[PDB]
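Just the one chain here, laid out as structure tokens, in the form deposited in one PDB entry.
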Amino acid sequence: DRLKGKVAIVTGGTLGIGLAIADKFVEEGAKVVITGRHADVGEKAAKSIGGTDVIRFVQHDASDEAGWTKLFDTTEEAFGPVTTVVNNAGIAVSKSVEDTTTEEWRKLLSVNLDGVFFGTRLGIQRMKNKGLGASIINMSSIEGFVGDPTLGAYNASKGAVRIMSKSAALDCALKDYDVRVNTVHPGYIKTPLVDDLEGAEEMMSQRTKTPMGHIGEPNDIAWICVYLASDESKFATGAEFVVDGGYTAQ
């Protein structure tokens, strides 16, 4: 068990990428709380992985600052001290910077940026100085690395997460908090969200997009998260982890 004794919060954990991360975390012996906006989906999501001795659903909107403090108390009350925060909750808008409304601009940043900030900030306050091998894993993207002309606000959010985590990682390092902070940069990953977008996977699978000629699967992101959640990565902080089938290598 590579995550023995670990206690993790995975936001957006009821579907797609966060679901697999949750799945593999429990598999490696961690206790897990997954968050989502819908109780029915969330409960069934948690149950699909295991019983309440290893995983629980908690309804939480990642942009809900007050809820974050509650989320931590509930998790600790369930499983004990939190060791791992995976800020995975995120939304995407398909708009150019030119075509981005302010309502869209602020809605997306509310989840993608403020949510990652709330979880990082709270995670540091709660996990520092307890010798937990604590780990904050902030879900950025390939869109944190390069631009996409139709993902303006998303790019801003993922680029914001990338460098902020470095800020967080340095602080924790310098203050011996025993908290690492890192970013994971998924390329295109096959999720039900992508399967809803007609022709999207086909677009993403083009060699000019993803060199390997296919997009990834949620477990590809899950395994890199396990590495970063485990003490195997005790010397890695402030770094970006790219799993994109070669998207950003060209």
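Shifts are known only where both forms have a C-alpha. Basically, rigid core = biggest C-alpha set you can superpose within 1.5 Å across the two forms. Residues carry their position along the shown sequence, with the first being 1.
Keep in mind that the form deposited with a small molecule bound is missing from the display, and what follows is about it.
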{"item": "Stretch in contact, per heavy atom within 4.5 angstroms of the small molecule in the deposited bound form, of 120-128, 166-174, 152-160, 94-102", "value": "152-160"}
{"item": "Contact residue in the deposited bound form, chosen from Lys70, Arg37, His214, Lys44 - any heavy atom within 4.5 Å of the small molecule", "value": "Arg37"}
{"item": "Contact check for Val7, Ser230 and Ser233 against the small molecule in the deposited bound form, heavy atom at 4.5 Å", "value": "no"}
{"item": "Contact of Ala30 with the small molecule in the deposited bound form (heavy atom, 4.5 Å)", "value": "no"}
{"item": "Contact label in the deposited bound form: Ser141 to the small molecule, heavy atom within 4.5 Å", "value": "yes"}
{"item": "is_contact(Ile189, the small molecule) in the deposited bound form, heavy atom dist at most 4.5 Å", "value": "yes"}
{"item": "Heavy atom of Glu65 within 4.5 Å of the small molecule in the deposited bound form", "value": "no"}
{"item": "Position that moves between this form and the one not shown after core superposition, taken from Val54, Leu197, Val41, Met203, with Cα shift of 2 Å or more", "value": "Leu197"}
{"item": "Moved runs of 3+ residues, each with a C-alpha displacement of 2 angstroms or more between this form and the one not shown on the rigid core", "value": "192-200"}
